[PDB]
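One chain is shown next in structure tokens, namely the form deposited in one PDB entry.
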């Protein structure tokens, strides 16, 4: 007897693995895994292996798997949206949380539970309508989300003294609600900014997560909803040790609720060095669209690329911290591209940035990975579907990234992972360390 619910599922899973890493730590706490050096401790933990985190692992060479589900494994193994071909993101939140690949049914449950949870508090909406147009879609988007910590069941619980065991639970209810509300506040920025006067409407609970949002933005093309579904699966989880995810993990660990703890992280994502770069290639691209002019040879186009380099600047959408190969999450976006829009002026000037850009960082050897991003090529497809307001681009990114981040958050509070308290050192005293000692 009985039917579907991720909570039950978890209550079975959870323990088995508390035991499981316990035997591990019994045996191998004893183990020196890496080494800490002065360089790393000057250079922002690059290679310094700091976290445990389950909800994804990146490979330099291969990259992002999701159980070990490589995006192309997911692409075809996670369930599709009744009339489409894309990885539909309830099937992904399924995957990461349980290590299992779902039933379509067991996603429908998901959809219709999120878009049951999917109701916005008076005040949020007030505040949101008050937001001045001069205010970034993202400064906005945290402001609401940091104010959404009114609906927080966990934060409610604690202050009345829920017992340690439990913790994972209530944050299962808060998260589930936040991923649910998220979209509406995504859409409800966009529309108070860019189409400024019209309603973000109803929720058909006989729609999926992705699609509700497409409706709520006021976008009408079927095909853009496949794209949307698709972004919404590859921006999701991309290991721990990135800014946003690491933030959230961290502000997570002092037992601050998932509302507060997401919206700490989008300020993670807000960082032009984290998220903005999305938005920023097509900044450049309007910049190259002007300032180098309409139609160029790869010479002034390379002089333009030299352009910005020499001007001390930031070359977004090429290279990557730790990814030493092609981001699957480009290649991912390509085959989507080749398949609905191969006819585009910025599309194929993306198969043209596809042979010139890095090679100016090969000329340079700036940082260690010459190959394509995810920043790159998403922008180009947004425009195609007539998403053009490139500030809003990282509102999108947070919406997809909401999947990941709350995903581990449930796991850390079921796994009792303590408080994120490093050791920091001073220069002067580090000077006393290495040499003076």
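Basically, rigid core = biggest C-alpha set you can superpose within 1.5 Å across the two forms. Positions refer to the first chain, counted from 1.
Heads up, the form deposited in another entry isn't pictured, but that's what we're talking about next.
Displaced position between the shown form and the other one, chosen from 103, 364, 223, 98 (C-alpha, 2 Å or more, rigid core): The listed residue whose C-alpha shifts by at least 2 Å is 364.
Align both forms on the core first, then report whether residue 132 has a C-alpha shift of 2 Å or more between the shown form and the other one. Residue 132 C-alpha, core-superposed: shift of less than 2 Å.
Superposing on the rigid core, is the CA of residue 160 displaced by 2 Å or more between the shown form and the other one? For residue 160, whose C-alpha is compared between the shown form and the other one after core superposition, the shift is less than 2 Å.
Rigid-core frame, C-alpha of residue 306, shift of 2 angstroms or more between the shown form and the other one: For residue 306, whose C-alpha is compared between the shown form and the other one after core superposition, the shift is 2 Å or more.
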